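Residue numbers (my numbering), protein chains in the order written: chain A, 671 to 890; chain B, 766 to 1107; chain C, 4 to 218.
Quick reminder that beta carbons are idealized off the backbone N, C-alpha and C, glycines included.
Okay, so here's the structure we're looking at.
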Amino acid sequence: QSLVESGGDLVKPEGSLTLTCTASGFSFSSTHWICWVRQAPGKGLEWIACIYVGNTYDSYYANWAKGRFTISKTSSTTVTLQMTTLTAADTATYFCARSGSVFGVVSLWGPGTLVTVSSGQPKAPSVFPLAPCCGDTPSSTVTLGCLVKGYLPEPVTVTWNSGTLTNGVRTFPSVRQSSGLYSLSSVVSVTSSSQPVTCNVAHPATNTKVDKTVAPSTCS
Amino acid sequence: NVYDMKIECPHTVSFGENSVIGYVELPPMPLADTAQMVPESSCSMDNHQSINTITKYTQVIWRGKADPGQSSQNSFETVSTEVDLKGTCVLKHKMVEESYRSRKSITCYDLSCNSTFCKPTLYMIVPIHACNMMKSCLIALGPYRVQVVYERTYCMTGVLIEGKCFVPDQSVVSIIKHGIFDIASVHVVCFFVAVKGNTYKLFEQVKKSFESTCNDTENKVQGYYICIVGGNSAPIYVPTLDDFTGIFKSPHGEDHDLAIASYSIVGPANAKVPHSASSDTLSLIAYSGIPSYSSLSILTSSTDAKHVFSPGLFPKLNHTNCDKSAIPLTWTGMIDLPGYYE
Amino acid sequence: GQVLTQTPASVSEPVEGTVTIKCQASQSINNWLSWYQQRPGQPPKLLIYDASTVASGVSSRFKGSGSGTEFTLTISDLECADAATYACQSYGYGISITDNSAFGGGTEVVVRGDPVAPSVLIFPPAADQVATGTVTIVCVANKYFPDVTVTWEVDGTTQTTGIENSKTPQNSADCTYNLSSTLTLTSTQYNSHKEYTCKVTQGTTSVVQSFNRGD
Ligand SMILES: *[C@@H]1O[C@H](CO)[C@@H](O[C@@H]2O[C@H](CO)[C@@H](O[C@@H]3O[C@H](CO[C@H]4O[C@H](CO)[C@@H](O)[C@H](O[C@H]5O[C@H](CO)[C@@H](O)[C@H](O)[C@@H]5O)[C@@H]4O)[C@@H](O)[C@H](O[C@H]4O[C@H](CO)[C@@H](O)[C@H](O)[C@@H]4O[C@H]4O[C@H](CO)[C@@H](O)[C@H](O)[C@@H]4O)[C@@H]3O)[C@H](O)[C@H]2NC(C)=O)[C@H](O)[C@H]1NC(C)=O
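So this is what it looks like as C-alpha cells:
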C-alpha cells in the first residue's frame, strides 16, 4: 500500500502547475478520503484540499488556497490538484494524503513531490571529482567523492557503483547558493587495494546521467 | 431565493384550543453551519423561548478506521461525543397548549444530514388565532429565508382533503352517537415529548399494539407523542388510545427514497449512544450520498431521553426484536382517521 | 479562528532519557489529536491517534496523554533512531470538521550521545573547476557530536563571504553528525593566495586541516 505523487517541476512566477497523485495496487473504495498537504522547508505542515474520492462528489479547500487551487478526482486510481498563479511562497514539498474522514487522521502518506517556483531556467549539473592533494602521503584508507555543482531544480540522486556498494558512503544534503542554484557533495571511503569506485549522478529534470569513476590512486 | 411555507386556515376560527402546523424542506447546507442556528421569526406571535434553549445531544459519526493496515481493509469505526443543539423539535409537556394560551409560536426544524451536508425541514406550530388576521410572516434560518403564506380554504372547521372538507371527531362515543362516519387519509405531523412518571409506561402499551418482545420496560423511555392533523381539532395527546399504530407501520416517515441515485451503502455499525456505556447500545447503518430521512432519534432503552444525532448513519427504528433501539423524533405521513364531513 | 501552538521549537535530550512535547489548542478539540514522526526526506509516520491510542507496529515507549485544550507527548527510553521531527494535528468530526483543522508548528528532537571527535578531510578543487572560472573548496567533518563551527582562512586571513554548510541528520546508530563546508571563490582569487585552511572547532577542541596550492 502506497501513494505516489507525480508532477512538480520548475514553474515561472504567476504560472500554473497541475499535480497528480496515483494509488498502487489498491482500489479507491467508498470509505476513504484523499487529501493534499504541503510543507515548505523550515515550516510546518499545511492543509490544502480533500476529496471524498467516492461515488458522490464533495470537496473542501483551505482558506488560503480557496479559488486559487483546484482539486478533483479523475479515475479509480488517480486524483489531481490544479495550482494557479503560483508565487515564491508556494515553493514547498506537496504530499498526497489518505484519511478515513475529511481532514482526518492520515493513515498513509507518500514520498512527496517538490514544486520549485523560480524565474530561472533549468540547468544541468557540472560534476567534479573530489580527491586529496597529491602532496599528501599515501595512506591505508583513502576517501574520495564527487561534487555536484549548480543545477535546477531539485532532486538529484547520487549512487556509488550502481548501488552495489553502500558501506562508507556519506551523501550530504543540497545547499542553495546566491544565484538560486543548488550544490550537493557526496564522498566515499574505500581501501587502497579496492577496485576503482564509480559515482552515478542522475538529474531527472534535465535528464542528465553523469558517470564519473574514481580510483584510490587518484589525486587532485 | 426565498422559499414558501404554506398554511391552510378554515373559515371559522377558535372553536377550541387548536393549533395548525406547516413545514418546508430546504436545500442542503454544510453541516458545520448548522451549529447555533436558531430561527429568527418576524410574525406577530413571538417564538417560544424554550425552543432556542440548549438541548444536549449525542453525536454519532462514522469514519474509516484510523489504524493503518486495518484502514487498508476499508473498515469503519464509530465516534460518540456530546454536542449542544438549539432550535431542534424537542417539545416539553403541555408546551403546545401553553403556547396556544400565550399567543406564542413554536418554530423548530428537523435536519436530514449525510456525513457532510444537511437538509433542514423547518416546522412552525401556531394557534388558529392567527388564521383570522392572516398576517404574513418572514422566518430566517441560517442562510435561508422562508415566507409564511396563509391560504384560506373553503372549510368551516374541517381540513381540505381532495377538494372536500374533513372533520375527525374525538373518541368512539361521538362516532357511535353520530351513527355514521367516513374515513380518509389525512396528513399529520407528530413530535415526541419525553416525560418521566408513573402513567407514562409507553412500551407496555407498545407491546400491546404490535407483537414485539420488549422485556424490562421499566428502564425504557417514558413519554407520549403529540401530533397535529392540521385545521381545527388537531391536538392529539397519544394515538389509538380510543379517546380520540400507523406511525409504526411506516416508521421511516413519508416515502423519501433517493430514487439518478448517487447513494452508496457503506455498511452497518454499532455505537454507544450515551458515550459512557460499557458496550454499544445502538445499531446504525452508515451511508454515503444525498441526505435522506431523519438523522435524529431517541434511545428508548433509557428512562432519561437520550437524543441521538447521527449524520451519515441511519438509526435502527425497527422494534421487532427490541434490540439496538431508537425512535424518530419527528414523523410526517398519511394516516386514515375516522370522522365526518358535509 | 483556530490556532495550534506546539512547544518547544527545539529540544535536546540524551539517550535513555525522556522527551516532553506540549501541543496546546486555542479551541477545545475533545481528545481529538494525532502525533506524527517525520524523518528528513521521508513521509510522516502516524504513531499516536486519538491522543491516547498507539498505532499498530509502534513501540510502547511512545505515550500520548491529554484531553480538551492541552496535550503532551512523552518519549521514554530514548534511542538514536528516535531523532526526528514531530508534529501534532488537530482534527475535528461532525460539526467541528472545518472549525478546528490545523497542523502543529513542529518540534526538532536532538538526541545527545557520547561525544566523538570530528575526522576532518579537505579536498582541493579539481583541475576541471579552475577552467570554468568559478572555484569551490570542500571541507568535511565526519562522525562528530555535538555541533561544530567551521572557519576558513586564506594566508592567515579569515574568509567571510561565499561559505556554505550542509549538515547530515543524526545517524540512527550512534547519534553523530556529518558536515560539509564549501568555500566558493573565483579563479582569479584562487590563483592569488597559497595557504588555504579549514578549521573545525568543537567547543574547546579544534581540528585544523590545510593545504597549499601548487603542492
Ligand atoms: C452529502 O450531500 C451533499 C448534498 O446533498 C453532497 O454534495 C452534493 O453532491 C452531489 C453529488 O451527488 C453534487 O452534484 C453533482 O454536481 C456536479 C457539479 O455540478 C456543477 O457543475 C456542473 C459543471 O460545471 C454544472 O453543470 C452543474 O449544474 C447542474 O446543476 C444545476 C442545478 O444546480 C442545473 O441547473 C444545471 O443544468 C446542471 O444540471 C453544477 O453547477 C455535477 O457535475 C454532477 O453531475 C454528475 O452526476 C449526476 C448524478 O449522477 C449526473 O446526472 C450528471 O450527468 C453528472 O454525471 C457525470 O457522470 C456521467 C457518467 O459518467 C456522465 O455521463 C456525465 O456527463 C457527468 O460527467 C452532480 O450533479 C452536488 O454538487 C454536491 N453539492 C455541492 C454544493 O457541490 C455531498 O457529496 C454528500 N456527501 C457524501 C459523502 O455523500
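Item	Value
Any C-beta of chain B under 8 Å from that of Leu-835/A	no
CB contact flag (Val-119/C, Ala-86/C, <8 Å)	no
Inter-residue spacing [alpha-carbon to alpha-carbon] between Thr-777/B and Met-921/B	5 Å
Contact list for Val-848/B against chain C, beta-carbon separation under 8 Å	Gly-97, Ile-98
Closer than 9 Å at the beta carbon, the chain B residues around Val-858/A	Result: empty, since nearest Cβ-Cβ is about 36 Å, beyond 9 Å.
Test item: CB-CB of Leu-81/C and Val-18/C under 8 Å	yes
Proximity of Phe-106/C and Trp-703/A at Cβ, strictly below 8 Å	no
Near ligand 1: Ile-718/A beta-carbon under 7 Å from a heavy atom	no
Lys-830/B: contacting residues in chain A (beta-carbon distance under 7 Å)	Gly-770
Pairwise C-alpha distance: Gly-838/A and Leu-182/C	15 Å
Contacting positions in the region 698-726 of chain A - beta carbon closer than 8 Å to chain B	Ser-699, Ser-700, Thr-701, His-702, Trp-703, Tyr-722, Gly-724, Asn-725, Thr-726
Proximity test, Cβ basis, 8 Å: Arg-840/A and chain C	yes
Three-state secondary structure (DSSP) of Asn-831/A	helix
Chain-ordered chain C contacts of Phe-773/A [CB-CB under 8 Å]	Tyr-94, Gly-95, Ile-100, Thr-101, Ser-104
Run of the alpha helix (DSSP H) containing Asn-997/B, from where it starts to where it stops	Here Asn-997/B belongs to no alpha helix (DSSP H), and DSSP marks it neither H nor E.
C-beta neighbour in chain A for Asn-839/B, strict 8 Å	yes
Near ligand 1: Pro-793/B beta-carbon under 7 Å from a heavy atom	yes
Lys-879/A in three-state terms, based on DSSP	strand
For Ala-949/B and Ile-100/C, believed in contact at Cβ under 8 Å, the rounded distance	Actually they do not touch by this definition, with Cβ atoms about 46 Å apart.
Chain-ordered list of residues that sit, by beta carbon, closer than 6 Å to a heavy atom of ligand 1	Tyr-722/A, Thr-726/A, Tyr-727/A, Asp-728/A, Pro-793/B, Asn-879/B, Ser-880/B, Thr-881/B, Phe-882/B, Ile-1025/B, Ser-1027/B, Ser-1053/B, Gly-1054/B, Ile-1055/B, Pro-1056/B
Chain A contact for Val-825/B (CB, 8 Å cutoff)	no
Beta-carbon neighbours of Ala-801/A, restricted to chain C and to distances below 9 Å	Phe-126, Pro-127, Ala-129
Classification of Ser-213/C by the beta-carbon crowding that lies within 10 angstroms, buried from 16 upward	exposed
CB contact below 8 Å: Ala-800/B versus chain C	yes
N-terminal and C-terminal residue of the beta strand (DSSP E) that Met-770/B is part of	768-774
Unbroken beta strand (DSSP E) run spanning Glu-842/B, endpoints	841-851
Chain B within 8 Å of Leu-778/A, Cβ atoms only	yes
Top-ranked residue by Cα proximity to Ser-845/B, from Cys-1087/B, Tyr-990/B, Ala-1042/B	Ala-1042/B
Euclidean distance between Cα positions of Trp-830/A and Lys-882/A	10 Å
Collapsed DSSP secondary structure at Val-1073/B in the structure displayed	strand
CB contact below 8 Å: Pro-833/B versus chain A	yes
Exposure label - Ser-856/A; buried when at least 16 CB within 10 Å	buried
Distance between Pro-1103/B and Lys-942/B (C-alpha atoms, nearest Å)	14 Å
Counterpart residues of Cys-896/B in DSSP-defined beta bridges	BP columns for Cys-896/B are empty, so no partner.
Continuous beta strand (DSSP E) stretch holding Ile-1100/B: start and end	1095-1104
Residue-chain proximity (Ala-90/C, chain A), Cβ-Cβ < 8 Å	yes
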